[PDB]
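Q: generate a structure from the sequence data that follows.
(chains A, B, C, D, E, F, G, H and I, ligands or ions: 3)
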Amino acid sequence: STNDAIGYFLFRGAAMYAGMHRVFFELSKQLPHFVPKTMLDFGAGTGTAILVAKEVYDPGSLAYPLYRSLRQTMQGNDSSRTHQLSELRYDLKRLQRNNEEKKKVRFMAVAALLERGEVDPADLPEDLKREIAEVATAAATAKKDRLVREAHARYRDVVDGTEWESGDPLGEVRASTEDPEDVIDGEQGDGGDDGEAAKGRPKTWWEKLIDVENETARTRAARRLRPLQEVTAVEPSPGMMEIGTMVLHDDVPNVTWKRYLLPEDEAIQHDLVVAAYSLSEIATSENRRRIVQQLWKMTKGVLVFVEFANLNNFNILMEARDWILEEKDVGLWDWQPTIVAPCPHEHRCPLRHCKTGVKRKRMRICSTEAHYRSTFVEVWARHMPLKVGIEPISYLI
Amino acid sequence: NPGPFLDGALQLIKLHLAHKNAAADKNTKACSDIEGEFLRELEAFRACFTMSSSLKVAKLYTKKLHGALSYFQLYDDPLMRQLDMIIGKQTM
Amino acid sequence: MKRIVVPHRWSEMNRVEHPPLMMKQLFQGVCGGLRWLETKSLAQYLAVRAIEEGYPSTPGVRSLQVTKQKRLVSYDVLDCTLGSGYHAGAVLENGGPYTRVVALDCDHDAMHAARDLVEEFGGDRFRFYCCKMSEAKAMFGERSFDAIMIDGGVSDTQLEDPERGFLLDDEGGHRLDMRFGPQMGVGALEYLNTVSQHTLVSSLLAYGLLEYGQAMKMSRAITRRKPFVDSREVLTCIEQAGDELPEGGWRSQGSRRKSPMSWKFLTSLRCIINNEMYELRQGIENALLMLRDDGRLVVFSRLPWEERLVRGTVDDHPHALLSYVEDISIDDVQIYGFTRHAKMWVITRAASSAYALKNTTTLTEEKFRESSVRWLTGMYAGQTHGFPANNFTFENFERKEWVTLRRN
Amino acid sequence: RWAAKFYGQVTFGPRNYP
Amino acid sequence: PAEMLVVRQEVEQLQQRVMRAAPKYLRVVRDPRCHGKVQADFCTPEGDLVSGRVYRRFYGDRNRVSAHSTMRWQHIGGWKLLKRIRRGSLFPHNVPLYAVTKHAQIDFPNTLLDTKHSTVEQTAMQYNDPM
Amino acid sequence: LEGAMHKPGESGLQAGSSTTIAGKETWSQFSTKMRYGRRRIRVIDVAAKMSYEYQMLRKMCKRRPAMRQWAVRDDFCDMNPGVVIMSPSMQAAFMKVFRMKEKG
Amino acid sequence: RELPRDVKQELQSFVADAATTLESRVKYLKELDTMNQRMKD
RNA sequence: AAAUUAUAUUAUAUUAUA
RNA sequence: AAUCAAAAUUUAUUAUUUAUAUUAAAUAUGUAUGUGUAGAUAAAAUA
Ligand SMILES: Nc1ncnc2c1ncn2[C@@H]1O[C@H](CSCC[C@H](N)C(=O)O)[C@@H](O)[C@H]1O
Ligand SMILES: Nc1ncnc2c1ncn2[C@@H]1O[C@H](CSCC[C@H](N)C(=O)O)[C@@H](O)[C@H]1O
Ligand SMILES: [Zn+2]
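A: Numbering: from 1, shown residues only, chains lettered A, B, ... in the order given. Ligands and ions are numbered 1, 2, ... in the order given. Sure, structure below:
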């Protein structure tokens, strides 16, 4: 019900959040070039996994900024590396540069624009002042990003008392504009052959400094690498759905809330399928093997199972691992299942078949442990004030 | 059950009598500011009359509120509509 | 030199629009209020200032750098659902100048109503996005609009389409895709083919209609006979358990408790899919955040549980006050064919002391004895010293946060 | 009486187990 | 800042170098115990559960002479690593391991087995010859 | 009685000495308005805490360049992010769920 | 005059111990599970 | 709805914010 | 049953904490309740 969902989210939110950050940290380290444009979340009661994936793969488009000092915000993905490069460039400008010449150009430009707005004559007598102009419109777009970061809500520019732009109110020509930035390899032309002949030129560290220091190519690299376009969340219970919609709509826009997986729903294709703490919650009447096979059928990229560390849970996850690795020799080699983390051998798990685990329950569960800052409801319910809470999780990537 | 609806009704009746005392030759400031205060206390009075409907006090002042709203020359109003329905029930 | 014309479909040429529900009662509601009279008084204040400076007149009785000019008197209204755009056009036409409407919708087919509104006047008075009404606070923030109008249910455009579902008298097998936009999941054919018997009863009982004795009979009929390839087999099984459908179809002018079980099941299955319980509870409570001080909120309710939801929200929210409640006039039911039970809820926001007005009417002796116990035992306590609770404060900034805005 | 609250949430199959 | 951007590109190159050897590494399965030496349990990429020991000081395969200090080799041979690393993380296969014991394996999984069995039944069960 | 109602001039942790009822709220109403009013997060100082990439590269500049590859292998083999602190979006969702109902 | 029922249940939810309630309810669920397992054989 | 198992006593706590 | 210096173990540096004491403005409106940690132990009936 909704009360069960209230208590479940308030009790397990930080624990499931820490587990998802641990598994997504390992996924960002092991696969840096994986950007999941389409994400399906199976059993998404609360969108903790969707929120963690949004924080990992798109730290800049959140409503509230991340705690930049923490280790959890340094991921291996190219979008996360781009946002970390922006914050690192901010730190380099603030701390490792003692010169006030940047502030000198800043207040000179501010006073110059405030003086040319209504006082001075026009800017045509001063020749080749385009360097002020393009950095001024770039700083204006940075100011719009500053308003988005200040109000914790996009589309704030229509809220204020400025006049709206005449022409395109509905936003149709901004979405139907042919982009001149994406060029297919056959579409290039009218160039000298000596540029495409000599290969292996930008291997010097100075040319890498040129490629890092410029900010015009940053937006051009970020516009093609859209991190999360469509997110589909599956949840049958209505209370879990109506609380997860309260959770996700503040920072993850346009989430389609499916209610059930259909057997005809396996024809739609996703980049990342996350089943967090949901394989144990599948009832005994439902065939979990067909659900696991259907969840594998909807993966262009990565399928991530996350669950609590328990005996029944580890048996469920190891059976699911065996069922998916059964699908190896059935077709094309490029779509065969390979486990990235944790088990590197792809045989049966040696802890699952160890001698010591017959009479010892502790030597049975190949799991990992995440640490988090526990909330007040956990220290209210568990009688001990835990400054650091411990969540044991079993995972499968 | 206190009486702030009574204070709102007495303020509207005092404003109606102040516009009745605006029967001079021409005093545009009196008509202007009494119209402004009557509209402001009307918008403050709409919700209070909605809460205080079907009460022992509103039936005493319903005819005076209808007369004050008719003197201020505005009709096809929600308060005018509620007063018209309660007067039509009172006459039947 | 040829033109590539798109071949039309059946639903594009035979598309009908939604009739205007009420225009003169809406324009008094969604415009008029405290935010409107201070708007009209400020426009007259700028009129006597223009003749003071020396502008050309007539004989008559009385942020940052590139955004230097901000707009004048303009009255910003948010439309949660424009539909055919008649209620969105009633604000801008009758309001004349200094008014604005931002419209949202779930369906992309409401762009047709948004396109015709721009062709009359556009660029600076109309603005359209495609999103739910619950995601309005996430994309506009607090204290964003002078007024917010909320409608609910289906327009007449979606009822007649064979692809958008909602067809009961067509005599043909169409898919029961009865949802308002792509932001939801499965349709009613894929819902009833997969939902369990217990899950359907708990969702039917949440809307008040089709109570537990009757909903357990309808769910016994659905789950026992569900290979459902078309809506013809669905409407056969629904009308076999209860009575047949009413003559008006979706719009029944009869009483709510005297409505048949087939109509109660179909108007609740429409409410189960598009989540009108969640979207109206969130859309009203987010609207009281996005309103300015003394702003107006207009909600249209065509169902009895919606009248419970608006009545339960205003009495509990510590800023909401019902200005008045007006029902539909009798002339709109004949010519347009609307529901007799359609009401208009005009809710206003209070700056302060919103509970002192409600304590005049509903303050019993039992609530006074409960109030003394909650102070003695301290059950009105919250949380401040926990981990997420220390980072949360009220809307007004503190002295330690103002020095953070200077550097950041 | 905390265990009797969830009896309205059990599916109709296992509601009549003993 | 040029120092930091150059070393950022160099850390990117070194991380791209270690990611090629990353699929050959071990998995720390059980938490390591540390009393001078660090002893842990590993899943190898061969399908085995081994128990490995790591020392702080250098002991080569042929002779003990080297060009490293103790701090150098304790950063080389993963002693600081496996001291600060808990279970679920990677351990390099190029680091030498001392006194590795391969755990015995049975055919049927030990997960969801009852511990209320008798002692000789668990004895026959764990030695892959059940009753 | 005294203390049965809440005067809006007097603070909620203190108790008013007035006995009147008019112009006052019940304590359930005060609890709902205190749960309603407390939606905001305090402004985070960006400049007070430097980024983790900045401190990581600062520690890598001070290392010997022959030992930098082993530090890279040390940083890569650590799959634990540490003590996971909740994001302010996650804290906002947590408190949004916590403010919608009475504490009892 | 005694207290009404709803404030009594809310006060019992407000002031009682959480850990003892949790342990008693979890061991009650365990005892019910052992009864169900003993019935299943 | 009784018998009382109940310990009970008083004080403190957090990046106010550095 | 085949080994070796964690905190066997000592000492120091921009730096990581929890504690140590320092440590202040602010009535324009609206306002801010924990689990625990502790010392010797000398009241008792809504289930
Ligand atoms: N057979 C099934 N198919 C789809 N969802 C299911 C399911 N069985 C259970 N679930 C849902 O899976 C959810 C698991 S609770 C886990 C919540 C979410 N994964 C998170 O990490 O925050 C439950 O709310 C339940 O409603
Ligand atoms: N919760 C919601 N949020 C935004 N739009 C919604 C919505 N629920 C329904 N709609 C849309 O609103 C339309 C009907 S509203 C019907 C009346 C119409 N708004 C008018 O003024 O004339 C439907 O087409 C539907 O797509
Ligand atoms: Zn393993």
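
Q: going by C-alpha atoms from here, please, whenever you check contacts or count neighbours.
A: Will do.

Q: burial of residue B:32, as a residue count?
A: Residue B:32: 12 surrounding residues under other Cα atoms under 10 Å in any protein chain shown.

Q: repeat that for residue D:4.
A: 8.

Q: for residue G:18, same thing?
A: Neighbour count for residue G:18, taken as other Cα under 10 Å: 15.

Q: distance of the residue nearest to the spatial centre of chain G relative to residue G:19?
A: Chain G has residue G:25 as the residue nearest its centroid, 4.7 Å off, counting by Cα atoms, centre = their mean. Remark: distance between residue G:25 and residue G:19 (Cα to Cα, to the nearest Å) = 10 Å.

Q: please apply the same query to residue F:38.
A: According to Cα to Cα, residue F:38 stands 29 Å off from residue G:19.

Q: with residue E:7 instead?
A: 52 Å.

Q: more neighbours: these two, which one.
A: Taking neighbours as other Cα under 10 Å, residue E:7 and residue G:19 compare with residue E:7 leading, 19 against 15.

Q: what helix or strand is the more buried one on?
A: helix E:2-21 (DSSP states H and E).

Q: same for that helix, what does it pack against?
A: In this structure, helix E:2-21 packs against helix A:205-213, helix F:52-61, helix F:68-76, with contacts taken as 3 or more Cα pairs under 8 Å, 6 or more residues apart in numbering or on different chains; DSSP states H and E.

Q: need the longest helix for chain B.
A: helix B:28-51 (DSSP state H).

Q: which residues of chain B lie near chain C?
A: Proximity of chain B to chain C, by Cα under 8 Å from any Cα of the partner chain, involves residues B:1-4, B:39-40, B:43, B:46-48, B:50-52, B:77-79.

Q: can you give me the helices for chain E?
A: All helices of chain E, identified by DSSP H, fall at E:2-21, E:70-76, E:79-84, E:119-126.

Q: just send these back as TSV, with distance to ligand 1 too.
A: Converted to TSV, the helices of chain E look like this (distance: least, Cα to the nearest ligand atom, whole Å):
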stretch	distance to ligand 1
helix E:2-21	29
helix E:70-76	38
helix E:79-84	29
helix E:119-126	35
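
Q: among the ones you listed, which is the most enclosed?
A: Neighbour counts (mean count of other Cα atoms under 10 Å in any protein chain shown) averaged over each of the helices of chain E peak at helix E:79-84, with a mean of 20.

Q: can you list contacts of that helix?
A: Under the criterion Cα atoms under 8 Å, 6 or more residues apart in numbering or on different chains, residues E:32, E:34, E:37-38, E:54-56, E:74-75, E:91, F:74 lie in contact with helix E:79-84.

Q: next: stretch A:253-271.
A: By Cα under 8 Å, 6+ apart, the residues outside stretch A:253-271 that reach it are A:36-40, A:230-237, A:241, A:248-249, A:294-295, A:297-302, C:131, C:182-186, C:190-191, C:194.

Q: hmm, the strand of greatest length in chain E touching chain A?
A: Secondary structure of chain E per DSSP state E: the longest strand is strand E:26-35. Yes: using Cα under 8 Å from any Cα, strand E:26-35 reaches chain A at E:26-27, E:29-30.

Q: the residue lying closest to residue C:11 once chain neighbours are set aside - how many residues pack around it?
A: Once flanking residues are discounted, residue C:11 sits nearest to residue C:161: 6.0 Å by Cα to Cα, 6 or more residues apart in numbering or on different chains. Other residues within reach of residue C:161 by the criterion other Cα under 10 Å amount to 17.

Q: and residue B:90, by the same measure?
A: Neighbour count for residue B:90, taken as other Cα under 10 Å: 9.

Q: any idea how far chain A is from it?
A: Remark: distance between residue B:90 and chain A (Cα to the nearest Cα, to the nearest Å) = 47 Å.

Q: list the contacts for residue F:77?
A: The neighbours of residue F:77, taking Cα under 8 Å, 6+ apart as the test, are E:89-91.

Q: ok, longest helix in chain C?
A: As assigned by DSSP H, the longest helix anywhere in chain C is helix C:34-53.

Q: for ligand 1, give me its nearest residue in chain G.
A: Residue of chain G nearest ligand 1, by Cα to the nearest ligand atom: residue G:26 (19.2 Å).

Q: ok so that residue is a strand residue?
A: No: Residue G:26 is assigned helix when assessed by DSSP: H, G, I helix; E, B strand; the rest coil, not a strand.

Q: who's in contact with the most centrally placed residue in chain D?
A: Central residue of chain D (Cα atoms, centre = their mean): residue D:7, 2.8 Å from the mean position. Residue D:7 sits next to residue D:15 when contact means Cα under 8 Å, 6+ apart.

Q: hmm, what's the outermost residue in chain F?
A: Distance to the chain centre peaks in chain F at residue F:66, reaching 42.9 Å (criterion: Cα atoms, centre = their mean).

Q: what of chain B?
A: What lies farthest from the middle of chain B is residue B:25; by Cα atoms, centre = their mean that is 24.9 Å.

Q: so which of the helices of chain E comes closest to residue A:274?
A: The closest of the helices of chain E to residue A:274 is helix E:2-21. By Cα to Cα, the value is 24.1 Å.

Q: distance between the closest one and the chain's centre?
A: With Cα atoms, centre = their mean, to the nearest Å as the basis, helix E:2-21 stands 25 Å off its chain's centre.

Q: and the contacts of that helix?
A: Here helix E:2-21 makes contact (Cα under 8 Å, 6+ apart) with A:30, A:205, A:208-209, A:212, F:57-58, F:60-61, F:68-69, F:72-73, F:76.

Q: repeat that for stretch F:58-71.
A: With contact meaning Cα under 8 Å, 6+ apart, stretch F:58-71 is reached by E:3-4, E:7, E:11, E:14, E:72, E:75-76.

Q: now, which of these sits nearest residue A:327?
A: Ranked by distance to residue A:327 (Cα to Cα), the contacts of stretch F:58-71 are led by residue E:14 at 35.2 Å.

Q: state the distance from the closest one to chain C.
A: 35 Å.

Q: go on, residue A:175?
A: 13 Å.

Q: in three-state terms, how would that residue be classified?
A: Taking three-state DSSP, the label given to residue A:175 is coil.
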